[PDB]
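K.L.:
Data: model-v1.pdb, PDB, C-alpha atoms and all ligand atoms.
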```pdb
ATOM      1  CA  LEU A   1    -213.457  79.315  22.447
ATOM      2  CA  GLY A   2    -217.185  77.984  22.338
ATOM      3  CA  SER A   3    -219.444  80.470  24.327
ATOM      4  CA  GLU A   4    -216.892  83.183  23.489
ATOM      5  CA  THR A   5    -219.079  83.483  20.399
ATOM      6  CA  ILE A   6    -222.670  84.742  20.590
ATOM      7  CA  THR A   7    -225.140  82.759  18.402
ATOM      8  CA  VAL A   8    -228.339  84.972  18.144
ATOM      9  CA  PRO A   9    -228.133  88.713  17.342
ATOM     10  CA  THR A  10    -227.578  90.596  20.645
ATOM     11  CA  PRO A  11    -227.612  94.163  21.848
ATOM     12  CA  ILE A  12    -224.275  95.782  22.766
ATOM     13  CA  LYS A  13    -225.438  96.986  26.184
ATOM     14  CA  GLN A  14    -225.936  93.363  27.182
ATOM     15  CA  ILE A  15    -222.700  91.728  26.162
ATOM     16  CA  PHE A  16    -220.486  94.683  27.138
ATOM     17  CA  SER A  17    -221.465  95.408  30.723
ATOM     18  CA  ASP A  18    -219.419  98.591  31.290
ATOM     19  CA  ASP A  19    -221.159 101.657  29.842
ATOM     20  CA  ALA A  20    -217.988 103.452  28.557
ATOM     21  CA  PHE A  21    -216.813 100.269  26.991
ATOM     22  CA  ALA A  22    -220.191  99.398  25.468
ATOM     23  CA  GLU A  23    -220.017 102.826  23.848
ATOM     24  CA  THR A  24    -216.503 102.243  22.409
ATOM     25  CA  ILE A  25    -217.941  99.185  20.733
ATOM     26  CA  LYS A  26    -220.968 101.173  19.436
ATOM     27  CA  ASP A  27    -218.714 104.087  18.306
ATOM     28  CA  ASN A  28    -216.276 101.591  16.602
ATOM     29  CA  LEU A  29    -218.826  99.691  14.460
ATOM     30  CA  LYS A  30    -220.428 103.028  13.626
ATOM     31  CA  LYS A  31    -223.792 101.878  15.196
ATOM     32  CA  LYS A  32    -226.280 104.498  16.580
ATOM     33  CA  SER A  33    -227.181 103.081  20.037
ATOM     34  CA  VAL A  34    -225.940 100.599  22.568
ATOM     35  CA  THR A  35    -229.422  99.008  22.314
ATOM     36  CA  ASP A  36    -228.761  98.127  18.671
ATOM     37  CA  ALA A  37    -228.057  94.432  18.098
ATOM     38  CA  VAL A  38    -224.712  93.080  16.932
ATOM     39  CA  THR A  39    -223.990  89.690  15.245
ATOM     40  CA  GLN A  40    -220.799  87.762  15.808
ATOM     41  CA  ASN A  41    -219.654  88.415  12.187
ATOM     42  CA  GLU A  42    -219.523  92.121  13.050
ATOM     43  CA  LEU A  43    -217.607  91.330  16.243
ATOM     44  CA  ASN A  44    -215.243  89.064  14.306
ATOM     45  CA  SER A  45    -214.764  92.160  12.110
ATOM     46  CA  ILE A  46    -212.958  94.256  14.779
ATOM     47  CA  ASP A  47    -209.214  94.458  14.559
ATOM     48  CA  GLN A  48    -208.362  97.705  16.437
ATOM     49  CA  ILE A  49    -209.851  99.423  19.447
ATOM     50  CA  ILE A  50    -209.008 103.003  20.151
ATOM     51  CA  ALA A  51    -210.191 103.783  23.670
ATOM     52  CA  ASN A  52    -207.810 106.021  25.518
ATOM     53  CA  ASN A  53    -208.984 108.243  28.311
ATOM     54  CA  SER A  54    -212.451 106.822  28.112
ATOM     55  CA  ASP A  55    -213.325 106.166  31.722
ATOM     56  CA  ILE A  56    -213.428 102.347  31.300
ATOM     57  CA  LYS A  57    -213.612 100.406  34.528
ATOM     58  CA  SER A  58    -214.172  96.965  32.871
ATOM     59  CA  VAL A  59    -213.494  95.307  29.464
ATOM     60  CA  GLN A  60    -215.945  92.521  30.024
ATOM     61  CA  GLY A  61    -217.423  91.354  26.757
ATOM     62  CA  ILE A  62    -214.040  91.847  25.026
ATOM     63  CA  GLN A  63    -213.772  88.071  25.054
ATOM     64  CA  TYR A  64    -216.224  87.993  22.176
ATOM     65  CA  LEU A  65    -213.821  89.603  19.686
ATOM     66  CA  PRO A  66    -211.204  87.071  18.854
ATOM     67  CA  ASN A  67    -209.556  88.778  15.841
ATOM     68  CA  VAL A  68    -208.556  91.871  17.791
ATOM     69  CA  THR A  69    -204.904  92.726  17.334
ATOM     70  CA  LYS A  70    -204.329  96.252  18.719
ATOM     71  CA  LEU A  71    -205.849  97.533  21.988
ATOM     72  CA  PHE A  72    -205.364 101.124  22.842
ATOM     73  CA  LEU A  73    -206.725 101.466  26.411
ATOM     74  CA  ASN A  74    -204.563 104.046  28.128
ATOM     75  CA  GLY A  75    -205.820 106.192  31.038
ATOM     76  CA  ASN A  76    -208.866 104.214  31.911
ATOM     77  CA  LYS A  77    -209.800 102.806  35.267
ATOM     78  CA  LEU A  78    -208.938  99.176  34.629
ATOM     79  CA  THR A  79    -207.687  96.880  37.322
ATOM     80  CA  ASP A  80    -208.823  93.357  36.351
ATOM     81  CA  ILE A  81    -207.859  92.389  32.755
ATOM     82  CA  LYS A  82    -209.035  88.709  32.662
ATOM     83  CA  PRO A  83    -211.302  89.192  29.813
ATOM     84  CA  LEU A  84    -208.186  89.691  27.635
ATOM     85  CA  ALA A  85    -206.698  86.409  28.794
ATOM     86  CA  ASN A  86    -207.738  84.522  25.811
ATOM     87  CA  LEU A  87    -207.461  86.849  22.828
ATOM     88  CA  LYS A  88    -204.752  84.806  21.217
ATOM     89  CA  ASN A  89    -204.246  87.246  18.281
ATOM     90  CA  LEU A  90    -203.210  90.340  20.301
ATOM     91  CA  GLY A  91    -199.970  92.114  19.430
ATOM     92  CA  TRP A  92    -200.261  95.707  20.683
ATOM     93  CA  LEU A  93    -201.751  96.192  24.222
ATOM     94  CA  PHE A  94    -201.571  99.662  25.665
ATOM     95  CA  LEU A  95    -202.580  99.881  29.282
ATOM     96  CA  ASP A  96    -200.811 102.958  30.514
ATOM     97  CA  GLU A  97    -202.192 104.794  33.440
ATOM     98  CA  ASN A  98    -204.470 102.057  34.701
ATOM     99  CA  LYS A  99    -204.043 100.074  37.842
ATOM    100  CA  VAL A 100    -203.320  96.659  36.386
ATOM    101  CA  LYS A 101    -201.069  94.864  38.757
ATOM    102  CA  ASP A 102    -201.479  91.152  38.079
ATOM    103  CA  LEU A 103    -199.982  90.126  34.777
ATOM    104  CA  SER A 104    -201.226  86.545  34.937
ATOM    105  CA  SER A 105    -203.885  87.183  32.312
ATOM    106  CA  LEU A 106    -201.232  88.049  29.701
ATOM    107  CA  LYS A 107    -199.684  84.631  30.023
ATOM    108  CA  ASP A 108    -201.055  82.910  26.989
ATOM    109  CA  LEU A 109    -200.835  85.993  24.770
ATOM    110  CA  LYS A 110    -197.955  84.621  22.773
ATOM    111  CA  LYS A 111    -198.364  86.863  19.708
ATOM    112  CA  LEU A 112    -197.974  90.002  21.854
ATOM    113  CA  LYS A 113    -195.203  92.071  20.454
ATOM    114  CA  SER A 114    -195.525  95.398  22.359
ATOM    115  CA  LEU A 115    -196.819  95.865  25.924
ATOM    116  CA  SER A 116    -197.112  99.143  27.777
ATOM    117  CA  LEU A 117    -197.908  99.413  31.465
ATOM    118  CA  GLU A 118    -196.455 102.780  32.328
ATOM    119  CA  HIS A 119    -197.787 104.225  35.569
ATOM    120  CA  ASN A 120    -199.731 101.295  36.988
ATOM    121  CA  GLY A 121    -197.835 100.945  40.176
ATOM    122  CA  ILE A 122    -196.433  97.567  39.180
ATOM    123  CA  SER A 123    -193.652  96.200  41.374
ATOM    124  CA  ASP A 124    -193.404  92.497  40.343
ATOM    125  CA  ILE A 125    -192.734  91.967  36.701
ATOM    126  CA  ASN A 126    -191.832  88.316  36.905
ATOM    127  CA  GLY A 127    -195.011  87.421  35.042
ATOM    128  CA  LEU A 128    -193.118  88.523  31.991
ATOM    129  CA  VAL A 129    -191.373  85.160  31.755
ATOM    130  CA  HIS A 130    -194.532  84.041  29.962
ATOM    131  CA  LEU A 131    -193.870  86.602  27.137
ATOM    132  CA  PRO A 132    -190.259  86.260  25.602
ATOM    133  CA  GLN A 133    -191.390  87.231  22.136
ATOM    134  CA  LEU A 134    -191.824  90.926  23.169
ATOM    135  CA  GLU A 135    -190.337  93.573  20.961
ATOM    136  CA  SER A 136    -191.270  96.797  22.829
ATOM    137  CA  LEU A 137    -191.873  96.973  26.589
ATOM    138  CA  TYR A 138    -192.781 100.145  28.403
ATOM    139  CA  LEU A 139    -192.665  99.840  32.164
ATOM    140  CA  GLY A 140    -191.968 103.434  33.166
ATOM    141  CA  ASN A 141    -193.229 105.028  36.366
ATOM    142  CA  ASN A 142    -193.825 102.037  38.579
ATOM    143  CA  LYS A 143    -192.142 100.596  41.606
ATOM    144  CA  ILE A 144    -189.920  98.039  39.956
ATOM    145  CA  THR A 145    -186.809  97.146  41.916
ATOM    146  CA  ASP A 146    -185.980  93.732  40.327
ATOM    147  CA  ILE A 147    -185.554  93.383  36.554
ATOM    148  CA  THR A 148    -183.807  89.968  36.596
ATOM    149  CA  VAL A 149    -186.610  88.519  34.432
ATOM    150  CA  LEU A 150    -185.652  90.808  31.551
ATOM    151  CA  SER A 151    -182.486  88.885  30.637
ATOM    152  CA  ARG A 152    -184.906  86.515  28.968
ATOM    153  CA  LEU A 153    -186.738  89.027  26.842
ATOM    154  CA  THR A 154    -184.041  88.817  24.175
ATOM    155  CA  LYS A 155    -186.231  90.188  21.405
ATOM    156  CA  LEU A 156    -186.591  93.713  22.677
ATOM    157  CA  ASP A 157    -185.634  96.754  20.670
ATOM    158  CA  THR A 158    -187.416  99.259  22.937
ATOM    159  CA  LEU A 159    -187.430  99.129  26.731
ATOM    160  CA  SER A 160    -188.386 101.851  29.111
ATOM    161  CA  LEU A 161    -187.788 101.524  32.789
ATOM    162  CA  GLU A 162    -187.655 105.294  33.370
ATOM    163  CA  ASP A 163    -188.502 106.250  36.887
ATOM    164  CA  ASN A 164    -188.576 103.153  38.882
ATOM    165  CA  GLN A 165    -186.030 102.054  41.475
ATOM    166  CA  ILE A 166    -183.492  99.864  39.788
ATOM    167  CA  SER A 167    -180.001  99.481  41.414
ATOM    168  CA  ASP A 168    -179.002  96.570  39.206
ATOM    169  CA  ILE A 169    -179.020  96.568  35.423
ATOM    170  CA  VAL A 170    -176.694  93.581  35.063
ATOM    171  CA  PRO A 171    -179.767  91.744  33.593
ATOM    172  CA  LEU A 172    -179.686  93.926  30.568
ATOM    173  CA  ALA A 173    -176.043  93.000  29.642
ATOM    174  CA  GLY A 174    -177.368  90.281  27.314
ATOM    175  CA  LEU A 175    -180.101  92.151  25.487
ATOM    176  CA  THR A 176    -177.988  93.156  22.522
ATOM    177  CA  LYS A 177    -180.862  93.646  20.098
ATOM    178  CA  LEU A 178    -181.827  96.772  22.096
ATOM    179  CA  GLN A 179    -182.060 100.035  20.212
ATOM    180  CA  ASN A 180    -183.842 102.363  22.675
ATOM    181  CA  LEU A 181    -183.219 102.104  26.343
ATOM    182  CA  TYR A 182    -184.655 104.568  28.791
ATOM    183  CA  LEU A 183    -183.218 104.286  32.252
ATOM    184  CA  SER A 184    -183.688 107.746  33.777
ATOM    185  CA  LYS A 185    -184.541 108.312  37.392
ATOM    186  CA  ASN A 186    -183.511 105.047  38.893
ATOM    187  CA  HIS A 187    -180.728 104.123  41.323
ATOM    188  CA  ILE A 188    -178.065 103.287  38.711
ATOM    189  CA  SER A 189    -174.527 103.763  39.935
ATOM    190  CA  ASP A 190    -172.655 101.215  37.672
ATOM    191  CA  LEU A 191    -172.885 101.396  33.876
ATOM    192  CA  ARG A 192    -170.828  98.259  33.158
ATOM    193  CA  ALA A 193    -173.857  96.201  32.221
ATOM    194  CA  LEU A 194    -174.315  98.377  29.148
ATOM    195  CA  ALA A 195    -170.840  97.865  27.581
ATOM    196  CA  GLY A 196    -172.286  95.281  25.203
ATOM    197  CA  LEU A 197    -175.266  97.192  23.938
ATOM    198  CA  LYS A 198    -173.933  98.068  20.522
ATOM    199  CA  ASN A 199    -177.136  98.783  18.587
ATOM    200  CA  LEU A 200    -178.380 101.548  20.877
ATOM    201  CA  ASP A 201    -179.594 104.590  18.946
ATOM    202  CA  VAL A 202    -181.331 106.359  21.860
ATOM    203  CA  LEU A 203    -180.230 105.921  25.459
ATOM    204  CA  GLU A 204    -181.137 107.865  28.594
ATOM    205  CA  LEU A 205    -179.434 107.940  31.982
ATOM    206  CA  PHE A 206    -180.577 111.164  33.633
ATOM    207  CA  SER A 207    -181.063 111.641  37.315
ATOM    208  CA  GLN A 208    -179.848 108.576  39.111
ATOM    209  CA  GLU A 209    -180.262 108.785  42.864
ATOM    210  CA  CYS A 210    -178.065 106.241  44.681
ATOM    211  CA  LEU A 211    -178.315 105.734  48.427
ATOM    212  CA  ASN A 212    -175.758 103.958  50.669
ATOM    213  CA  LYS A 213    -175.369 101.756  53.679
ATOM    214  CA  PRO A 214    -175.118 104.172  56.706
ATOM    215  CA  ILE A 215    -171.843 104.820  58.697
ATOM    216  CA  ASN A 216    -171.053 107.342  61.582
ATOM    217  CA  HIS A 217    -170.442 111.181  62.347
ATOM    218  CA  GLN A 218    -166.624 111.241  62.074
ATOM    219  CA  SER A 219    -164.366 114.366  62.038
ATOM    220  CA  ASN A 220    -162.087 112.800  59.452
ATOM    221  CA  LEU A 221    -164.609 110.685  57.222
ATOM    222  CA  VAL A 222    -163.586 108.820  54.016
ATOM    223  CA  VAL A 223    -166.205 106.957  51.827
ATOM    224  CA  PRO A 224    -164.994 105.332  48.503
ATOM    225  CA  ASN A 225    -166.401 106.256  45.092
ATOM    226  CA  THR A 226    -168.615 103.498  43.727
ATOM    227  CA  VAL A 227    -169.902 105.234  40.584
ATOM    228  CA  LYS A 228    -168.445 103.322  37.571
ATOM    229  CA  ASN A 229    -168.593 103.999  33.817
ATOM    230  CA  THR A 230    -169.212 101.606  30.812
ATOM    231  CA  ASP A 231    -165.780 100.184  31.120
ATOM    232  CA  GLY A 232    -165.147  99.813  34.851
ATOM    233  CA  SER A 233    -163.372 103.156  35.568
ATOM    234  CA  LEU A 234    -164.441 105.352  38.461
ATOM    235  CA  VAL A 235    -166.259 108.542  37.186
ATOM    236  CA  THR A 236    -164.819 111.737  38.954
ATOM    237  CA  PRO A 237    -167.458 113.687  40.884
ATOM    238  CA  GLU A 238    -168.781 116.953  39.409
ATOM    239  CA  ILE A 239    -169.149 118.473  42.931
ATOM    240  CA  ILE A 240    -169.205 117.330  46.665
ATOM    241  CA  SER A 241    -171.290 118.545  49.709
ATOM    242  CA  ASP A 242    -169.764 120.219  52.776
ATOM    243  CA  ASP A 243    -166.355 121.581  51.485
ATOM    244  CA  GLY A 244    -165.740 117.903  50.608
ATOM    245  CA  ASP A 245    -162.789 116.866  48.459
ATOM    246  CA  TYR A 246    -161.961 113.982  46.067
ATOM    247  CA  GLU A 247    -158.532 112.296  45.987
ATOM    248  CA  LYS A 248    -158.789 109.001  44.012
ATOM    249  CA  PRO A 249    -160.669 106.957  44.933
ATOM    250  CA  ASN A 250    -162.576 108.562  47.866
ATOM    251  CA  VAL A 251    -164.800 111.424  48.873
ATOM    252  CA  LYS A 252    -163.249 112.917  52.087
ATOM    253  CA  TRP A 253    -164.888 115.304  54.588
ATOM    254  CA  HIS A 254    -164.451 117.235  57.860
ATOM    255  CA  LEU A 255    -167.288 117.761  60.379
ATOM    256  CA  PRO A 256    -168.471 117.834  63.991
ATOM    257  CA  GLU A 257    -170.849 120.854  64.457
ATOM    258  CA  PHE A 258    -173.408 120.767  61.478
ATOM    259  CA  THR A 259    -175.340 117.348  60.586
ATOM    260  CA  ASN A 260    -175.915 113.670  59.635
ATOM    261  CA  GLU A 261    -176.073 113.029  55.846
ATOM    262  CA  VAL A 262    -173.310 113.853  53.337
ATOM    263  CA  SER A 263    -173.266 113.364  49.500
ATOM    264  CA  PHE A 264    -171.719 113.913  46.084
ATOM    265  CA  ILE A 265    -173.005 114.518  42.534
ATOM    266  CA  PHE A 266    -171.587 113.027  39.334
ATOM    267  CA  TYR A 267    -171.635 113.619  35.632
ATOM    268  CA  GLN A 268    -170.322 111.832  32.640
ATOM    269  CA  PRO A 269    -171.262 111.947  28.954
ATOM    270  CA  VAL A 270    -171.230 108.367  27.639
ATOM    271  CA  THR A 271    -171.331 106.840  24.185
ATOM    272  CA  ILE A 272    -172.608 103.334  23.497
ATOM    273  CA  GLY A 273    -172.978 102.351  19.887
ATOM    274  CA  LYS A 274    -174.549 105.181  17.947
ATOM    275  CA  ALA A 275    -176.193 106.695  21.048
ATOM    276  CA  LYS A 276    -174.922 109.492  23.258
ATOM    277  CA  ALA A 277    -176.324 110.043  26.737
ATOM    278  CA  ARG A 278    -175.657 111.879  30.099
ATOM    279  CA  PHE A 279    -175.033 109.848  33.172
ATOM    280  CA  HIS A 280    -175.788 112.402  35.874
ATOM    281  CA  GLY A 281    -176.917 111.520  39.388
ATOM    282  CA  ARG A 282    -176.215 111.721  43.098
ATOM    283  CA  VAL A 283    -174.608 109.454  45.700
ATOM    284  CA  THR A 284    -176.070 109.973  49.166
ATOM    285  CA  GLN A 285    -174.381 108.584  52.358
ATOM    286  CA  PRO A 286    -176.420 108.978  55.616
ATOM    287  CA  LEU A 287    -174.788 108.866  59.048
ATOM    288  CA  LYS A 288    -175.870 108.169  62.683
ATOM    289  CA  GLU A 289    -174.943 109.542  66.158
TER     290      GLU A 289
HETATM  291 ZN    ZN B   1    -198.051  82.945  35.658
HETATM  292 ZN    ZN B   2    -164.953 123.658  54.642
HETATM  293 ZN    ZN B   3    -174.761 118.776  37.738
END
```
I'd like the structure from this file rewritten - as structure tokens, please.
Ligand SMILES: [Zn+2]
Ligand SMILES: [Zn+2]
Ligand SMILES: [Zn+2]

P.N.:
Amino acid sequence: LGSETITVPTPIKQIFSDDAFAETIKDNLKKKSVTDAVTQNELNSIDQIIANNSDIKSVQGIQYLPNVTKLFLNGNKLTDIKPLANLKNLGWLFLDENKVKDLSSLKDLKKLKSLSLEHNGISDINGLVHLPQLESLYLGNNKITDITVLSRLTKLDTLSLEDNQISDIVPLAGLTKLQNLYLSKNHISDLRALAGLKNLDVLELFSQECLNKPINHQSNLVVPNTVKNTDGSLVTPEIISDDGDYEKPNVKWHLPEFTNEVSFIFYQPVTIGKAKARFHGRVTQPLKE
């Protein structure tokens, strides 16, 4: 908008407050010093910013570059991203490894096609309702438990939710345009939601870790198997703790004088569309005295 253009020549150091960042602008327009002056035409000129691992704590000043389309800003020290809020022409925004937790500034970025926020400690991704046009979304290595908002992001061909804490992938059942789905290291016990996902080329389901609602230290104990495949059918465990034994459809046991938590491990090669993956994880079942 209006005073998100500078009208007299100005020195970099002054418009871009953060030193690291002021230097990515210098290094990008091939200038020789941050004290050198820049005119808005030159700023208008900038389409891409490559600034990974560059120790950037603030992108203030970025507001003055309204034709910027691709922002590579991984592994910096960003927390507040408001100066992006209004860069209408943004399509790639890479903010891995920062600490950006409030996605409200992305909300009017309606040309944004690919967003990455791996490893930011995000837990609420509901701000994503404001961005249905997304094509690639990388949300790996956060603390996301609820993905119900994703049933709306129907334009995705690439989605990574690897290493969060998802029990429930029913919200993905709809997203049939999906080609690469990474769901490793979550709490996924039921693969039914993926029956539909026919265009999948790459799919990952390693290391699920599913925990249960406690019961009690019984000599004869008999928990039912809840791990289900694509198509509804109970997957047969690839090993049980504590000379445990599986007769359909329960893990049985026999105890008194050892301890409090029991478990079983499962394994199942799956095929959905043109993709082949390994659904391998563990059902825990803790007990009390
Ligand atoms: Zn909002
Ligand atoms: Zn035994
Ligand atoms: Zn195994």

K.L.:
The PyMOL selection byres (((chain A and resi 139-145) around 8) and not hetatm) - which residues does that actually catch in the file I just gave you? List them as a list in words.

P.N.:
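For this structure, the PyMOL selection byres (((chain A and resi 139-145) around 8) and not hetatm) captures residues 116, 117, 118, 119, 120, 121, 122, 123, 124, 125, 137, 138, 146, 147, 159, 160, 161, 162, 163, 164, 165, 166 and 167 of chain A.
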
K.L.:
Of the candidates A:279, A:204, A:69, A:272, which one gets nearest to residue 237 (chain A) if we count only C-alpha atoms?

P.N.:
A:279

K.L.:
Using all atoms listed in the file, which residues have at least one atom no more than 8 Å from ligand ZN 3 (chain B)? Output them as a count of residues only.

P.N.:
7

K.L.:
For ligand ZN 2 (chain B), return the neighbouring residues as a PyMOL selection string (distance at most 12 Å; all atoms listed in the file).

P.N.:
chain A and resi 219+240-245+252-258

K.L.:
Can you give me, as a compact mmCIF listing (two decimals) with C-alpha atoms, in the coordinates of the input, the residues this file yields under the PyMOL selection byres (((chain A and resi 127) around 9) and not hetatm)?

P.N.:
```txt
# COMPACT_ATOMS: atom_id res chain seq x y z
CA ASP A 102 -201.48 91.15 38.08
CA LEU A 103 -199.98 90.13 34.78
CA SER A 104 -201.23 86.54 34.94
CA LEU A 106 -201.23 88.05 29.70
CA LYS A 107 -199.68 84.63 30.02
CA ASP A 124 -193.40 92.50 40.34
CA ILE A 125 -192.73 91.97 36.70
CA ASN A 126 -191.83 88.32 36.90
CA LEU A 128 -193.12 88.52 31.99
CA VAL A 129 -191.37 85.16 31.76
CA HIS A 130 -194.53 84.04 29.96
CA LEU A 131 -193.87 86.60 27.14
CA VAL A 149 -186.61 88.52 34.43
```

K.L.:
With only C-alpha atoms as the counted atoms, please give the residues lying no more than 8 Å from residue 90 (chain A), apart from itself and same-chain residues fewer than 2 positions off, as a PyMOL selection string.

P.N.:
chain A and resi 67-71+87-88+92-93+109+111-112

K.L.:
Using all atoms listed in the file, can you tell me which of A:268, A:105, A:199, A:54 comes closest to ligand ZN 1 (chain B)?

P.N.:
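Of A:268, A:105, A:199, A:54, the one nearest ligand ZN 1 (chain B) is A:105, counting all atoms listed in the file.
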
K.L.:
Decode the PyMOL selection byres (((chain A and resi 59) around 10) and not hetatm) for the given file into explicit residues and return them as an mmCIF file with C-alpha atoms, in the coordinates of the input.

P.N.:
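The new file out_36.cif reads:
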```cif
data_model
loop_
_atom_site.group_PDB
_atom_site.id
_atom_site.type_symbol
_atom_site.label_atom_id
_atom_site.label_comp_id
_atom_site.auth_asym_id
_atom_site.auth_seq_id
_atom_site.Cartn_x
_atom_site.Cartn_y
_atom_site.Cartn_z
ATOM 1 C CA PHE A 16 -220.486 94.683 27.138
ATOM 2 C CA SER A 17 -221.465 95.408 30.723
ATOM 3 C CA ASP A 18 -219.419 98.591 31.290
ATOM 4 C CA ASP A 19 -221.159 101.657 29.842
ATOM 5 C CA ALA A 20 -217.988 103.452 28.557
ATOM 6 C CA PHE A 21 -216.813 100.269 26.991
ATOM 7 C CA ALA A 22 -220.191 99.398 25.468
ATOM 8 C CA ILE A 56 -213.428 102.347 31.300
ATOM 9 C CA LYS A 57 -213.612 100.406 34.528
ATOM 10 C CA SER A 58 -214.172 96.965 32.871
ATOM 11 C CA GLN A 60 -215.945 92.521 30.024
ATOM 12 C CA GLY A 61 -217.423 91.354 26.757
ATOM 13 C CA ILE A 62 -214.040 91.847 25.026
ATOM 14 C CA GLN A 63 -213.772 88.071 25.054
ATOM 15 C CA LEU A 73 -206.725 101.466 26.411
ATOM 16 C CA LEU A 78 -208.938 99.176 34.629
ATOM 17 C CA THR A 79 -207.687 96.880 37.322
ATOM 18 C CA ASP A 80 -208.823 93.357 36.351
ATOM 19 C CA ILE A 81 -207.859 92.389 32.755
ATOM 20 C CA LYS A 82 -209.035 88.709 32.662
ATOM 21 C CA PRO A 83 -211.302 89.192 29.813
ATOM 22 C CA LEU A 84 -208.186 89.691 27.635
#
```

K.L.:
With all atoms listed in the file as the atoms that count, which of A:289, A:108, A:269, A:274 lies nearest to ligand ZN 1 (chain B)?

P.N.:
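For ligand ZN 1 (chain B), the nearest of the given residues is A:108.
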
K.L.:
What gap, in Å, lies between CA of residue 221 (chain A) and CA of residue 235 (chain A)?

P.N.:
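So the answer is 20.2 Å.
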
K.L.:
Quick one: residues within 7 Å of residue 260 (chain A), only C-alpha atoms counted, chain neighbours fewer than 2 positions away excluded, as a list in words?

P.N.:
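In the requested format, the answer is residues 217, 262, 286, 287 and 288 of chain A.
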
K.L.:
Using all atoms listed in the file, which residue out of A:50, A:85, A:277, A:6 lies closest to ligand ZN 1 (chain B)?

P.N.:
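Of A:50, A:85, A:277, A:6, the one nearest ligand ZN 1 (chain B), counting all atoms listed in the file, is A:85.
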
K.L.:
Please, can region 142-154 of chain A be completed to N, CA, C and O atoms and returned as a short mmCIF file (atom, residue, chain, number, x, y, z; two decimals), in the frame of the given file?

P.N.:
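Saved file rebuild.cif follows:
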```
data_model
loop_
_atom_site.label_atom_id
_atom_site.label_comp_id
_atom_site.auth_asym_id
_atom_site.auth_seq_id
_atom_site.Cartn_x
_atom_site.Cartn_y
_atom_site.Cartn_z
N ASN A 142 -193.31 103.00 37.65
CA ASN A 142 -193.82 102.04 38.58
C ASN A 142 -192.84 101.95 39.71
O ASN A 142 -192.07 102.88 39.97
N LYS A 143 -192.90 100.82 40.40
CA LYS A 143 -192.14 100.60 41.61
C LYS A 143 -191.28 99.33 41.44
O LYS A 143 -191.15 98.51 42.35
N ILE A 144 -190.67 99.22 40.27
CA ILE A 144 -189.92 98.04 39.96
C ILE A 144 -188.51 98.18 40.52
O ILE A 144 -187.81 99.12 40.23
N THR A 145 -188.13 97.20 41.33
CA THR A 145 -186.81 97.15 41.92
C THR A 145 -186.02 96.02 41.28
O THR A 145 -184.83 96.13 41.14
N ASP A 146 -186.68 94.93 40.87
CA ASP A 146 -185.98 93.73 40.33
C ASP A 146 -186.31 93.52 38.85
O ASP A 146 -187.49 93.23 38.52
N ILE A 147 -185.31 93.64 37.98
CA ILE A 147 -185.55 93.38 36.55
C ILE A 147 -184.89 92.10 36.04
O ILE A 147 -184.65 91.94 34.83
N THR A 148 -184.60 91.17 36.95
CA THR A 148 -183.81 89.97 36.60
C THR A 148 -184.53 89.17 35.50
O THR A 148 -183.85 88.59 34.66
N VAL A 149 -185.87 89.19 35.48
CA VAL A 149 -186.61 88.52 34.43
C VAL A 149 -186.32 89.05 33.05
O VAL A 149 -186.67 88.39 32.08
N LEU A 150 -185.73 90.22 32.90
CA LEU A 150 -185.65 90.81 31.55
C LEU A 150 -184.52 90.22 30.68
O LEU A 150 -184.47 90.44 29.44
N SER A 151 -183.64 89.45 31.32
CA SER A 151 -182.49 88.88 30.64
C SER A 151 -182.97 87.86 29.63
O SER A 151 -182.24 87.51 28.69
N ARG A 152 -184.20 87.40 29.86
CA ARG A 152 -184.91 86.52 28.97
C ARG A 152 -185.65 87.17 27.85
O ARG A 152 -186.06 86.47 26.95
N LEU A 153 -185.91 88.46 27.90
CA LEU A 153 -186.74 89.03 26.84
C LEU A 153 -185.81 89.50 25.75
O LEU A 153 -185.74 90.67 25.45
N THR A 154 -185.12 88.54 25.13
CA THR A 154 -184.04 88.82 24.18
C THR A 154 -184.52 89.39 22.83
O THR A 154 -183.71 89.60 21.92
#
```
